[PDB]
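This is upload_15.tsv. It holds TSV, C-alpha atoms and all ligand atoms.
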```tsv
chain	number	residue	atom	x	y	z
A	1	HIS	CA	0.00	0.00	0.00
A	2	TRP	CA	1.43	3.40	-1.04
A	3	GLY	CA	2.00	5.89	1.66
A	4	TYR	CA	4.27	8.65	2.85
A	5	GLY	CA	6.77	6.44	4.80
A	6	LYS	CA	10.42	5.39	4.31
A	7	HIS	CA	9.67	2.34	2.04
A	8	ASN	CA	6.27	3.36	0.47
A	9	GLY	CA	6.68	7.18	-0.06
A	10	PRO	CA	6.56	9.53	-3.05
A	11	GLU	CA	10.02	8.43	-4.38
A	12	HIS	CA	8.77	4.82	-4.74
A	13	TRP	CA	5.25	5.48	-6.21
A	14	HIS	CA	6.61	5.16	-9.77
A	15	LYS	CA	6.86	1.36	-9.30
A	16	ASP	CA	3.10	0.70	-9.11
A	17	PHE	CA	2.18	4.06	-10.78
A	18	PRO	CA	4.41	4.71	-13.78
A	19	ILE	CA	2.48	7.88	-14.62
A	20	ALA	CA	4.35	9.31	-11.62
A	21	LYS	CA	7.05	10.26	-14.19
A	22	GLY	CA	4.53	11.65	-16.71
A	23	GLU	CA	4.26	15.03	-18.42
A	24	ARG	CA	1.74	16.81	-16.18
A	25	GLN	CA	2.53	15.83	-12.57
A	26	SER	CA	1.66	17.82	-9.48
A	27	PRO	CA	2.55	19.52	-7.32
A	28	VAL	CA	5.05	22.05	-8.67
A	29	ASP	CA	7.20	24.98	-7.54
A	30	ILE	CA	5.63	28.27	-8.55
A	31	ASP	CA	8.49	30.70	-9.55
A	32	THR	CA	6.77	34.09	-9.23
A	33	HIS	CA	9.34	35.57	-11.64
A	34	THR	CA	8.38	33.20	-14.52
A	35	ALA	CA	4.67	32.69	-13.72
A	36	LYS	CA	3.67	35.69	-15.79
A	37	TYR	CA	0.38	37.60	-15.49
A	38	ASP	CA	-2.11	36.75	-18.21
A	39	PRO	CA	-4.78	39.45	-18.79
A	40	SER	CA	-7.20	37.00	-20.52
A	41	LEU	CA	-7.74	34.95	-17.31
A	42	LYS	CA	-11.22	35.74	-16.06
A	43	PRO	CA	-11.73	36.27	-12.36
A	44	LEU	CA	-12.55	33.21	-10.29
A	45	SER	CA	-16.14	32.58	-9.16
A	46	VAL	CA	-16.61	30.56	-5.97
A	47	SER	CA	-20.12	29.71	-4.87
A	48	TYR	CA	-20.25	27.92	-1.54
A	49	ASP	CA	-23.24	29.50	0.17
A	50	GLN	CA	-25.45	26.45	-0.34
A	51	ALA	CA	-22.65	23.92	0.54
A	52	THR	CA	-24.01	20.81	2.21
A	53	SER	CA	-21.36	18.84	4.19
A	54	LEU	CA	-22.16	15.11	4.87
A	55	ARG	CA	-19.26	13.35	6.67
A	56	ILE	CA	-15.62	13.41	7.67
A	57	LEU	CA	-13.31	10.42	7.29
A	58	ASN	CA	-9.69	9.22	7.76
A	59	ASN	CA	-8.81	7.20	4.76
A	60	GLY	CA	-5.25	6.39	6.02
A	61	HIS	CA	-3.65	9.17	3.91
A	62	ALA	CA	-5.45	12.31	5.00
A	63	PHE	CA	-8.95	13.18	6.25
A	64	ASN	CA	-11.70	14.15	3.81
A	65	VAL	CA	-14.80	16.26	4.50
A	66	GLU	CA	-17.29	14.99	1.91
A	67	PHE	CA	-20.15	17.06	0.41
A	68	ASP	CA	-23.50	16.37	-1.23
A	69	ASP	CA	-22.70	16.90	-4.85
A	70	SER	CA	-26.04	15.60	-6.33
A	71	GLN	CA	-26.86	19.16	-7.62
A	72	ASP	CA	-25.10	22.53	-8.18
A	73	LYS	CA	-24.99	23.57	-4.48
A	74	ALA	CA	-21.27	24.43	-4.12
A	75	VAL	CA	-19.44	25.12	-7.32
A	76	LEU	CA	-16.47	26.76	-8.71
A	77	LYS	CA	-16.67	28.63	-12.02
A	78	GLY	CA	-14.69	31.10	-14.01
A	79	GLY	CA	-10.95	31.74	-13.98
A	80	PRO	CA	-9.42	29.24	-16.30
A	81	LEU	CA	-12.53	26.95	-16.12
A	82	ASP	CA	-15.11	26.12	-18.75
A	83	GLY	CA	-18.43	25.38	-17.28
A	84	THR	CA	-19.26	24.20	-13.81
A	85	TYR	CA	-17.26	22.15	-11.34
A	86	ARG	CA	-19.01	20.79	-8.21
A	87	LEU	CA	-17.33	20.55	-4.78
A	88	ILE	CA	-17.10	16.87	-3.71
A	89	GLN	CA	-14.57	17.12	-0.84
A	90	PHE	CA	-11.77	18.96	0.82
A	91	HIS	CA	-8.70	17.71	2.64
A	92	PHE	CA	-5.33	18.99	3.74
A	93	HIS	CA	-1.65	18.02	3.55
A	94	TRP	CA	0.62	19.06	6.42
A	95	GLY	CA	4.10	18.66	7.99
A	96	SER	CA	5.76	17.29	11.13
A	97	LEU	CA	7.24	20.81	11.52
A	98	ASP	CA	5.90	24.34	10.74
A	99	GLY	CA	8.62	24.76	8.06
A	100	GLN	CA	7.14	22.16	5.75
A	101	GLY	CA	3.91	20.51	4.72
A	102	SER	CA	2.59	22.23	1.63
A	103	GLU	CA	2.67	20.46	-1.70
A	104	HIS	CA	2.97	23.43	-4.01
A	105	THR	CA	5.82	25.85	-3.15
A	106	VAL	CA	6.20	29.57	-3.99
A	107	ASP	CA	9.75	30.46	-4.92
A	108	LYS	CA	10.64	27.32	-2.97
A	109	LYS	CA	8.98	28.55	0.17
A	110	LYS	CA	7.13	25.62	1.79
A	111	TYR	CA	4.13	26.36	3.97
A	112	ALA	CA	3.00	24.55	7.07
A	113	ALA	CA	0.01	22.98	5.28
A	114	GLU	CA	-2.13	23.21	2.10
A	115	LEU	CA	-5.88	22.88	1.70
A	116	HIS	CA	-7.30	21.19	-1.38
A	117	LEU	CA	-10.99	21.77	-2.31
A	118	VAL	CA	-11.68	19.19	-4.95
A	119	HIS	CA	-14.30	19.75	-7.67
A	120	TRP	CA	-15.44	17.86	-10.69
A	121	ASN	CA	-16.68	18.95	-14.13
A	122	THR	CA	-20.52	18.47	-14.49
A	123	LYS	CA	-20.01	18.08	-18.27
A	124	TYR	CA	-19.14	14.41	-17.43
A	125	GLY	CA	-22.10	13.47	-15.26
A	126	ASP	CA	-20.17	11.93	-12.31
A	127	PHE	CA	-16.85	12.07	-10.48
A	128	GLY	CA	-15.94	8.60	-11.72
A	129	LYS	CA	-16.16	9.57	-15.37
A	130	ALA	CA	-14.67	13.03	-14.76
A	131	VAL	CA	-11.30	11.72	-13.43
A	132	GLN	CA	-10.76	9.83	-16.71
A	133	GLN	CA	-10.58	13.14	-18.62
A	134	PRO	CA	-7.89	15.86	-19.03
A	135	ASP	CA	-10.41	18.46	-17.88
A	136	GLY	CA	-12.13	16.34	-15.34
A	137	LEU	CA	-11.35	18.17	-12.14
A	138	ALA	CA	-10.45	21.46	-10.63
A	139	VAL	CA	-8.63	21.66	-7.32
A	140	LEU	CA	-8.46	24.91	-5.46
A	141	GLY	CA	-5.27	24.99	-3.39
A	142	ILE	CA	-4.93	27.23	-0.37
A	143	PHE	CA	-1.71	27.65	1.67
A	144	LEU	CA	-1.77	27.61	5.50
A	145	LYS	CA	0.71	29.55	7.69
A	146	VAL	CA	0.90	29.46	11.52
A	147	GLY	CA	-0.27	32.54	13.45
A	148	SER	CA	-3.83	33.38	14.57
A	149	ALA	CA	-6.51	30.72	14.86
A	150	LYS	CA	-8.86	30.33	11.97
A	151	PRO	CA	-12.36	30.30	13.44
A	152	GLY	CA	-13.85	28.54	10.38
A	153	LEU	CA	-11.47	25.57	10.91
A	154	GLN	CA	-12.48	24.96	14.52
A	155	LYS	CA	-15.45	22.66	13.85
A	156	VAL	CA	-12.92	20.41	11.88
A	157	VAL	CA	-10.34	20.48	14.63
A	158	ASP	CA	-12.99	19.60	17.28
A	159	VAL	CA	-13.99	16.40	15.57
A	160	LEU	CA	-10.53	15.03	14.76
A	161	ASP	CA	-10.22	13.06	18.00
A	162	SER	CA	-13.26	10.99	16.78
A	163	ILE	CA	-11.50	9.87	13.57
A	164	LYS	CA	-7.94	9.33	14.85
A	165	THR	CA	-7.29	6.10	12.95
A	166	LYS	CA	-7.80	4.82	9.39
A	167	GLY	CA	-11.26	3.71	8.47
A	168	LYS	CA	-13.00	5.82	11.07
A	169	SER	CA	-15.69	8.35	10.13
A	170	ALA	CA	-18.19	10.72	11.73
A	171	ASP	CA	-21.35	12.60	10.62
A	172	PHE	CA	-20.29	16.17	9.81
A	173	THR	CA	-23.19	18.42	8.73
A	174	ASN	CA	-23.55	22.17	8.33
A	175	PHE	CA	-19.89	22.98	7.81
A	176	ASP	CA	-19.40	26.18	5.87
A	177	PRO	CA	-16.39	26.10	3.58
A	178	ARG	CA	-16.27	29.91	3.09
A	179	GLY	CA	-14.73	30.09	6.53
A	180	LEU	CA	-11.54	28.48	5.02
A	181	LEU	CA	-10.89	31.08	2.29
A	182	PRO	CA	-8.54	34.03	2.42
A	183	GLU	CA	-9.93	37.54	1.58
A	184	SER	CA	-8.32	37.71	-1.90
A	185	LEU	CA	-8.89	35.26	-4.76
A	186	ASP	CA	-5.83	36.01	-6.85
A	187	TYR	CA	-4.35	32.79	-8.16
A	188	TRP	CA	-1.93	30.88	-10.28
A	189	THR	CA	-3.06	28.08	-12.57
A	190	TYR	CA	-1.57	25.29	-14.63
A	191	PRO	CA	-2.62	21.82	-15.79
A	192	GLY	CA	-1.52	18.90	-13.61
A	193	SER	CA	-2.44	15.73	-11.71
A	194	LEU	CA	-3.78	14.31	-8.50
A	195	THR	CA	-0.91	14.53	-5.96
A	196	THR	CA	-1.65	10.99	-4.64
A	197	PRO	CA	-1.96	7.71	-6.45
A	198	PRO	CA	-3.30	7.03	-8.86
A	199	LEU	CA	-1.76	10.37	-9.98
A	200	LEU	CA	-4.15	10.85	-12.95
A	201	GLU	CA	-3.38	13.83	-15.14
A	202	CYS	CA	-6.88	15.22	-14.90
A	203	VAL	CA	-6.65	18.41	-12.88
A	204	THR	CA	-6.76	22.13	-13.57
A	205	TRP	CA	-4.86	23.54	-10.63
A	206	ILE	CA	-5.85	26.85	-9.19
A	207	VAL	CA	-3.68	27.95	-6.30
A	208	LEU	CA	-4.37	31.04	-4.27
A	209	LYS	CA	-1.78	33.78	-3.66
A	210	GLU	CA	-2.99	34.65	-0.20
A	211	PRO	CA	-2.55	31.99	2.53
A	212	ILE	CA	-4.77	31.55	5.55
A	213	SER	CA	-3.51	31.66	9.13
A	214	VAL	CA	-4.11	28.86	11.53
A	215	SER	CA	-2.97	28.49	15.18
A	216	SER	CA	-0.22	26.11	16.34
A	217	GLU	CA	-2.84	24.40	18.54
A	218	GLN	CA	-5.00	23.83	15.38
A	219	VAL	CA	-2.09	22.34	13.40
A	220	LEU	CA	-0.95	20.21	16.41
A	221	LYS	CA	-4.38	18.64	16.28
A	222	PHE	CA	-3.66	17.56	12.63
A	223	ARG	CA	-0.34	15.94	13.76
A	224	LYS	CA	-2.17	13.74	16.36
A	225	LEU	CA	-3.98	11.74	13.66
A	226	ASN	CA	-2.77	8.27	12.66
A	227	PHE	CA	-2.09	6.70	9.24
A	228	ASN	CA	-2.78	3.30	10.71
A	229	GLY	CA	-6.06	1.67	11.73
A	230	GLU	CA	-6.99	0.94	15.39
A	231	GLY	CA	-4.89	-1.94	16.77
A	232	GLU	CA	-2.00	-1.66	14.30
A	233	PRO	CA	1.26	0.03	15.28
A	234	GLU	CA	0.93	3.85	15.69
A	235	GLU	CA	2.24	5.87	12.76
A	236	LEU	CA	1.39	9.55	13.18
A	237	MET	CA	-0.26	11.23	10.14
A	238	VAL	CA	2.44	13.82	9.40
A	239	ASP	CA	4.37	14.74	6.29
A	240	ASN	CA	1.62	13.55	4.03
A	241	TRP	CA	2.71	15.88	1.20
A	242	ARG	CA	4.32	15.05	-2.18
A	243	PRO	CA	7.27	17.28	-3.18
A	244	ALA	CA	7.44	19.48	-6.26
A	245	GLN	CA	7.66	17.70	-9.57
A	246	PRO	CA	9.24	18.81	-12.82
A	247	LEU	CA	7.28	21.49	-14.65
A	248	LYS	CA	8.39	20.13	-17.99
A	249	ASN	CA	6.76	21.77	-21.00
A	250	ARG	CA	3.99	23.55	-18.99
A	251	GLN	CA	3.21	27.22	-18.30
A	252	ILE	CA	1.92	28.59	-15.03
A	253	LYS	CA	-0.32	31.63	-15.52
A	254	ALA	CA	-0.93	34.34	-12.91
A	255	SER	CA	-4.21	36.23	-12.55
A	256	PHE	CA	-2.60	39.35	-11.02
A	257	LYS	CA	0.56	41.48	-11.62
B	301	ZN	ZN	4.25	1.81	8.27
B	302	ZN	ZN	12.54	2.65	-9.73
B	303	ZN	ZN	13.13	32.35	-10.42
B	304	ZN	ZN	13.84	37.41	-11.52
B	305	ZN	ZN	-5.05	3.81	0.60
B	306	ZN	ZN	-22.04	12.25	-4.64
B	307	ZN	ZN	-4.62	16.97	-1.94
B	308	ZN	ZN	-25.06	8.90	11.00
B	309	ZN	ZN	-12.05	2.74	18.97
```

Would you mind writing the structure in this file as structure tokens?
Amino acid sequence: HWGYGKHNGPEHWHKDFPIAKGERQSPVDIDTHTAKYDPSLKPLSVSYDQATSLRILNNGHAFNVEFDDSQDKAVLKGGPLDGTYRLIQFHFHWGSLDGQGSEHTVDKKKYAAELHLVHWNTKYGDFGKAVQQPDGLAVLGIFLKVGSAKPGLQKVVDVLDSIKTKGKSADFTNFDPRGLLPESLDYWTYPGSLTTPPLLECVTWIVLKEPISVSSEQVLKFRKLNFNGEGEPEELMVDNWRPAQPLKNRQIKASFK
């Protein structure tokens, strides 16, 4: 089983997942000197007011907050996107130390964590068919830095003790994802992949410029989770990020100057 450990980590994923060395892998370093502004990028439209959260779960790699995506309740439109992409889940990647944890980097700066709000293209009818396509998904990536507590994150933090180990889940209704956004929606964008196996090259990445602030007590709560299921040996869920991959023949476009 792939993982983030010594013998099953990112450097070994190519064995079972050869697309790991493909042409559009994520994440990537964003060099703010070469990611040039592009005036034709429309502004990004985020509609989360009717978001309906269902459950929260530890799948052994991170924890996902899943949403009802049966209808256009919470959607992302605009920017580089054609059409309408529905929110299906969010999750985070984070470090064992404050100086690392993000997947994307900005001029090689690593952040303490990165939020991924995952959305699929309604043009394909369901998530399962969307991930098979180049334009199947859009992931909105938000950096986290340590500082002041993020009130909107608290409901997440408070339930983490109930899903400590793999396979555990809890009911998780009425969570409002707008409480996880920064104030500004300026972004970079490029075409890439899922950052975990199976690493499909199906994602339009949209990463925000402005990070959110979370408290060290909030991030410590992330580091108390386990990769293992109950009654296996404890392996703390930390450093569940993949490092930057080669940009190859791709351009990263900025929405701001
Ligand atoms: Zn292990
Ligand atoms: Zn090899
Ligand atoms: Zn540079
Ligand atoms: Zn320069
Ligand atoms: Zn797994
Ligand atoms: Zn669904
Ligand atoms: Zn992710
Ligand atoms: Zn229930
Ligand atoms: Zn138990």

Shell of 7 Å around ligand ZN 302 (chain B) (all atoms listed in the file), written as a compact mmCIF listing (two decimals) with C-alpha atoms, keeping the file's coordinate frame:
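Listing of pocket.txt after writing:
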```
# COMPACT_ATOMS: atom_id res chain seq x y z
CA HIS A 12 8.77 4.82 -4.74
CA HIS A 14 6.61 5.16 -9.77
CA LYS A 15 6.86 1.36 -9.30
```

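For the pair CA of residue 136 in chain A and CA of residue 36 in chain A, the separation is 25.0 Å.
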
CA of residue 61 in chain A to CA of residue 185 in chain A, distance in Å rounded to a single decimal: 28.0 Å

Straight-line distance linking CA of residue 17 in chain A with CA of residue 242 in chain A, stated in Å to one decimal: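 Between CA of residue 17 in chain A and CA of residue 242 in chain A the gap is 14.1 Å.
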
Selection within 12 Å of ligand ZN 307 (chain B) by all atoms listed in the file, output as a PyMOL selection string: chain A and resi 26-27+61-64+89-94+101-104+113-119+138-143+193-197+199+203+205+207+240-243

Can you build me a table of chain A residues sitting at most 9 Å from ligand ZN 309 (chain B), with the closest atom pair per residue and its distance in Å to one decimal, using only C-alpha atoms and all ligand atoms, sorted by chain and residue number, as a tab-separated table?
```
residue	atom	partner	partner_atom	distance
A:162	CA	B:ZN309	ZN	8.6
A:163	CA	B:ZN309	ZN	9.0
A:164	CA	B:ZN309	ZN	8.8
A:165	CA	B:ZN309	ZN	8.4
A:168	CA	B:ZN309	ZN	8.5
A:230	CA	B:ZN309	ZN	6.5
A:231	CA	B:ZN309	ZN	8.8
```

Surroundings of ligand ZN 304 (chain B) up to 9 Å, based on only C-alpha atoms and all ligand atoms, as a list in words: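 So the residues close to ligand ZN 304 (chain B) are residues 31, 32, 33 and 34 of chain A.
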
Filtering to C-alpha atoms, could you give me those residues as a compact mmCIF listing (two decimals), keeping the file's coordinate frame?
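File produced: out_31.txt:
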```
# COMPACT_ATOMS: atom_id res chain seq x y z
CA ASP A 31 8.49 30.70 -9.55
CA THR A 32 6.77 34.09 -9.23
CA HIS A 33 9.34 35.57 -11.64
CA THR A 34 8.38 33.20 -14.52
```

Contacts to ligand ZN 306 (chain B) at 6 Å cut-off (all atoms listed in the file) as a PyMOL selection string: chain A and resi 68-70

Grab range 53-85 of chain A from that structure and dump N, CA and C atoms to a file, as a PDB file, in the first residue's frame.
```
ATOM      1  N   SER A  53     -22.316  19.869   3.755  1.00  0.00           N
ATOM      2  CA  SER A  53     -21.360  18.841   4.188  1.00  0.00           C
ATOM      3  C   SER A  53     -22.053  17.575   4.731  1.00  0.00           C
ATOM      4  N   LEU A  54     -21.567  16.383   4.381  1.00  0.00           N
ATOM      5  CA  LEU A  54     -22.157  15.114   4.873  1.00  0.00           C
ATOM      6  C   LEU A  54     -21.358  14.422   5.979  1.00  0.00           C
ATOM      7  N   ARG A  55     -20.076  14.136   5.721  1.00  0.00           N
ATOM      8  CA  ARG A  55     -19.264  13.354   6.670  1.00  0.00           C
ATOM      9  C   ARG A  55     -17.764  13.703   6.617  1.00  0.00           C
ATOM     10  N   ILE A  56     -17.037  13.203   7.597  1.00  0.00           N
ATOM     11  CA  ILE A  56     -15.618  13.406   7.668  1.00  0.00           C
ATOM     12  C   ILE A  56     -15.010  12.031   7.913  1.00  0.00           C
ATOM     13  N   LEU A  57     -13.905  11.744   7.247  1.00  0.00           N
ATOM     14  CA  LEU A  57     -13.312  10.420   7.292  1.00  0.00           C
ATOM     15  C   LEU A  57     -11.756  10.439   7.139  1.00  0.00           C
ATOM     16  N   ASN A  58     -11.139   9.470   7.800  1.00  0.00           N
ATOM     17  CA  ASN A  58      -9.693   9.218   7.759  1.00  0.00           C
ATOM     18  C   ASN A  58      -9.534   8.046   6.890  1.00  0.00           C
ATOM     19  N   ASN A  59      -8.927   8.243   5.733  1.00  0.00           N
ATOM     20  CA  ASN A  59      -8.812   7.202   4.764  1.00  0.00           C
ATOM     21  C   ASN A  59      -7.384   6.649   4.840  1.00  0.00           C
ATOM     22  N   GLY A  60      -6.643   6.927   5.938  1.00  0.00           N
ATOM     23  CA  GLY A  60      -5.248   6.390   6.024  1.00  0.00           C
ATOM     24  C   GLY A  60      -4.184   7.240   5.342  1.00  0.00           C
ATOM     25  N   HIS A  61      -4.588   8.302   4.633  1.00  0.00           N
ATOM     26  CA  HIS A  61      -3.655   9.174   3.909  1.00  0.00           C
ATOM     27  C   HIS A  61      -3.849  10.642   4.279  1.00  0.00           C
ATOM     28  N   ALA A  62      -5.102  11.024   4.457  1.00  0.00           N
ATOM     29  CA  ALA A  62      -5.453  12.311   5.003  1.00  0.00           C
ATOM     30  C   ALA A  62      -6.852  12.156   5.597  1.00  0.00           C
ATOM     31  N   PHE A  63      -7.527  13.262   5.923  1.00  0.00           N
ATOM     32  CA  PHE A  63      -8.946  13.177   6.253  1.00  0.00           C
ATOM     33  C   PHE A  63      -9.771  14.017   5.262  1.00  0.00           C
ATOM     34  N   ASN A  64     -10.848  13.449   4.783  1.00  0.00           N
ATOM     35  CA  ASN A  64     -11.704  14.146   3.807  1.00  0.00           C
ATOM     36  C   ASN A  64     -13.032  14.583   4.448  1.00  0.00           C
ATOM     37  N   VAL A  65     -13.435  15.819   4.224  1.00  0.00           N
ATOM     38  CA  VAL A  65     -14.804  16.255   4.497  1.00  0.00           C
ATOM     39  C   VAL A  65     -15.585  16.147   3.188  1.00  0.00           C
ATOM     40  N   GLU A  66     -16.556  15.231   3.152  1.00  0.00           N
ATOM     41  CA  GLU A  66     -17.287  14.987   1.907  1.00  0.00           C
ATOM     42  C   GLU A  66     -18.526  15.852   1.862  1.00  0.00           C
ATOM     43  N   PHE A  67     -18.932  16.229   0.642  1.00  0.00           N
ATOM     44  CA  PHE A  67     -20.145  17.064   0.408  1.00  0.00           C
ATOM     45  C   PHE A  67     -21.193  16.392  -0.504  1.00  0.00           C
ATOM     46  N   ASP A  68     -22.449  16.770  -0.311  1.00  0.00           N
ATOM     47  CA  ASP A  68     -23.499  16.365  -1.234  1.00  0.00           C
ATOM     48  C   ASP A  68     -23.222  17.090  -2.525  1.00  0.00           C
ATOM     49  N   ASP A  69     -22.977  16.320  -3.573  1.00  0.00           N
ATOM     50  CA  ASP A  69     -22.696  16.897  -4.851  1.00  0.00           C
ATOM     51  C   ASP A  69     -23.718  16.369  -5.888  1.00  0.00           C
ATOM     52  N   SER A  70     -24.929  16.030  -5.425  1.00  0.00           N
ATOM     53  CA  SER A  70     -26.040  15.599  -6.327  1.00  0.00           C
ATOM     54  C   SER A  70     -26.614  16.716  -7.244  1.00  0.00           C
ATOM     55  N   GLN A  71     -26.321  17.982  -6.939  1.00  0.00           N
ATOM     56  CA  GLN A  71     -26.861  19.164  -7.625  1.00  0.00           C
ATOM     57  C   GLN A  71     -25.852  20.318  -7.491  1.00  0.00           C
ATOM     58  N   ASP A  72     -26.038  21.414  -8.227  1.00  0.00           N
ATOM     59  CA  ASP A  72     -25.102  22.526  -8.176  1.00  0.00           C
ATOM     60  C   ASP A  72     -25.283  23.365  -6.924  1.00  0.00           C
ATOM     61  N   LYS A  73     -24.936  22.824  -5.754  1.00  0.00           N
ATOM     62  CA  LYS A  73     -24.986  23.568  -4.476  1.00  0.00           C
ATOM     63  C   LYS A  73     -23.749  24.422  -4.266  1.00  0.00           C
ATOM     64  N   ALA A  74     -22.582  23.779  -4.341  1.00  0.00           N
ATOM     65  CA  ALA A  74     -21.271  24.426  -4.117  1.00  0.00           C
ATOM     66  C   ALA A  74     -20.385  24.193  -5.338  1.00  0.00           C
ATOM     67  N   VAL A  75     -20.012  25.261  -6.015  1.00  0.00           N
ATOM     68  CA  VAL A  75     -19.444  25.116  -7.323  1.00  0.00           C
ATOM     69  C   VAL A  75     -18.404  26.170  -7.470  1.00  0.00           C
ATOM     70  N   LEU A  76     -17.533  25.901  -8.416  1.00  0.00           N
ATOM     71  CA  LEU A  76     -16.470  26.762  -8.715  1.00  0.00           C
ATOM     72  C   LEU A  76     -16.617  26.994 -10.189  1.00  0.00           C
ATOM     73  N   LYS A  77     -16.504  28.261 -10.597  1.00  0.00           N
ATOM     74  CA  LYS A  77     -16.668  28.631 -12.023  1.00  0.00           C
ATOM     75  C   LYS A  77     -15.711  29.738 -12.325  1.00  0.00           C
ATOM     76  N   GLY A  78     -15.517  30.002 -13.610  1.00  0.00           N
ATOM     77  CA  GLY A  78     -14.687  31.103 -14.013  1.00  0.00           C
ATOM     78  C   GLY A  78     -13.202  30.769 -14.041  1.00  0.00           C
ATOM     79  N   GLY A  79     -12.389  31.810 -13.813  1.00  0.00           N
ATOM     80  CA  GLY A  79     -10.952  31.743 -13.982  1.00  0.00           C
ATOM     81  C   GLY A  79     -10.580  31.030 -15.243  1.00  0.00           C
ATOM     82  N   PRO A  80      -9.718  30.032 -15.133  1.00  0.00           N
ATOM     83  CA  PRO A  80      -9.419  29.242 -16.303  1.00  0.00           C
ATOM     84  C   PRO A  80     -10.480  28.178 -16.692  1.00  0.00           C
ATOM     85  N   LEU A  81     -11.600  28.082 -15.972  1.00  0.00           N
ATOM     86  CA  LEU A  81     -12.527  26.955 -16.118  1.00  0.00           C
ATOM     87  C   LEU A  81     -13.636  27.213 -17.143  1.00  0.00           C
ATOM     88  N   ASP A  82     -13.895  26.202 -17.959  1.00  0.00           N
ATOM     89  CA  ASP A  82     -15.113  26.118 -18.751  1.00  0.00           C
ATOM     90  C   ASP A  82     -16.160  25.392 -17.972  1.00  0.00           C
ATOM     91  N   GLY A  83     -17.257  26.065 -17.712  1.00  0.00           N
ATOM     92  CA  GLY A  83     -18.428  25.384 -17.277  1.00  0.00           C
ATOM     93  C   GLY A  83     -18.428  25.357 -15.775  1.00  0.00           C
ATOM     94  N   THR A  84     -18.912  24.256 -15.231  1.00  0.00           N
ATOM     95  CA  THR A  84     -19.264  24.203 -13.809  1.00  0.00           C
ATOM     96  C   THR A  84     -18.660  22.974 -13.147  1.00  0.00           C
ATOM     97  N   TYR A  85     -17.975  23.213 -12.036  1.00  0.00           N
ATOM     98  CA  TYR A  85     -17.261  22.147 -11.335  1.00  0.00           C
ATOM     99  C   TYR A  85     -17.833  22.102  -9.929  1.00  0.00           C
TER     100      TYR A  85
END
```
